[PDB]
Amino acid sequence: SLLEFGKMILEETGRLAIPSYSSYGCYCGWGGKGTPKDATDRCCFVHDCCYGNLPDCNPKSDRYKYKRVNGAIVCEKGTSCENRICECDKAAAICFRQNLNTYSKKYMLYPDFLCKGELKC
């Protein structure tokens, strides 16, 4: 669930999921339209494409457990859903960290009319 996803985000990046990654670019948030604008925006694009392969589960709320092993995120075992949802989240949070370098405030509260292509997954 987003309660776990938000925890990984704050752990890996130090920024809170809400402002920092809830209104960033064309895909970090809920609107989802156009072409990713940067490294961080693509992490977000890939992430909900990941939630896309999980029709039989509900990512927003089923909670899973994870823990670190030698500092790395590891998804504890559980139901197939809990595990796949967690992998989607794990990767995304790591992706936000590897790109903390190009994270710019110019992409926050980005306007809808600047989100461009037709892109599906």
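From 1 onward, residues are counted along the sequence shown.
For the pair 8-16 and 95-103, the mean Cα B-factor is higher in 95-103.
The mean Cα B-factor in the deposited entry runs higher for 56-64 than for the other of 56-64 and 85-93. For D48, the recorded CA B-factor ranks within the highest third of the chain. Only modelled residues enter the ranking. The PDB entry assigns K77 a C-alpha temperature factor belonging to the highest third of its chain's modelled residues. For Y21, the recorded CA temperature factor ranks within the middle third of the chain's modelled residues.
In the deposited entry, the Cα temperature factor of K37 places it in the middle third of its chain's modelled residues.
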